[PDB]
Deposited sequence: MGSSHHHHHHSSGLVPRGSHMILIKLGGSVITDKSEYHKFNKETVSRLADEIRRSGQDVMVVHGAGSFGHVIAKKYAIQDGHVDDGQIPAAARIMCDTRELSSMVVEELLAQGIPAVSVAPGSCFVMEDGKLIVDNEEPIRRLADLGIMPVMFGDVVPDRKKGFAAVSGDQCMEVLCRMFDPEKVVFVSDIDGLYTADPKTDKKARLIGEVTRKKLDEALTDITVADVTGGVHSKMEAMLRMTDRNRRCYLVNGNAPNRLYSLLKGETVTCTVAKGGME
């Protein structure tokens, strides 16, 4: 019961300012860091520039309103699946058996909720040692035609099915700050996140939901070499932790 659920956010695996650009060097290092830690893990990744660009250009997250969005949805779904291959290639190269599980090809959505009615394939892939890799995708919706699922929602489902000991968000920031550290030089790192969120980004809300059953959720900078490796081994690193 010591599995660690990891999200390779789109901020580190892709260049979000450059459409369809894969950060092969960062993902290759992150996969090597994952293997050397010797931990049992499951990998979710974001869509990044392989989806967010065409998404809001056609407002895909708002549902099916025009037939012109159908080729756009297919192109987005083709890109997220292609990105997942590049991620899986790096996992396989390190000796981590993994397979892409596209949510848009397997599940449906209803009122912003990812619905996983059939859990057997994901569970059977896990028991075989072939890590099921979910990711942000365009998903059929029961009310809006289609919708968008995030990497965080995919993790919430896997957090429910497999009860990880730790949950780790890998992004391009040292942690949660008072504001965007890229735009506000007067940003200060927040070390702990509890239900003290009552004072107020909304990432505290996203981190806290996965702290069910006294497990700790971490948010760490993947652009810092070996930080993720040390985190997985239990060594103290710079990060934001959600607890309680």
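The chain's deposited sequence has unresolved stretches at 1-18, 219-232, 277-279, with no C-alpha coordinates there.
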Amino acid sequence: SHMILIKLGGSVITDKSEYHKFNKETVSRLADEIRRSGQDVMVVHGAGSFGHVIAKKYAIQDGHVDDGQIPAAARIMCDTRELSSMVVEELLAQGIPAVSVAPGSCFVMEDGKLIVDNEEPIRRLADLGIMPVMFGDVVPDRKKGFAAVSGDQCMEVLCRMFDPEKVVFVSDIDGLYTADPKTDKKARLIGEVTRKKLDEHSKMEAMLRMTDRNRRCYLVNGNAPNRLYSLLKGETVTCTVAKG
From here on, numbers count along this sequence of modelled residues.
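The mean Cα B-factor in the deposited entry runs higher for 190-198 than for the other of 173-181 and 190-198. Stretches 83-91 and 109-117 differ in mean CA B factor, with 109-117 having the higher one.
When the C-alpha B-factors of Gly38, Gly51, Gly68, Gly46 are ranked from the entry, the top spot goes to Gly51.
In the PDB entry, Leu8 places in the middle third of its chain by CA B-factor. For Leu30, the recorded CA B-factor ranks within the lowest third of the chain. Only modelled residues enter the ranking. Annotation for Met42: C-alpha temperature factor in the lowest third relative to the rest of the modelled chain, per the entry.
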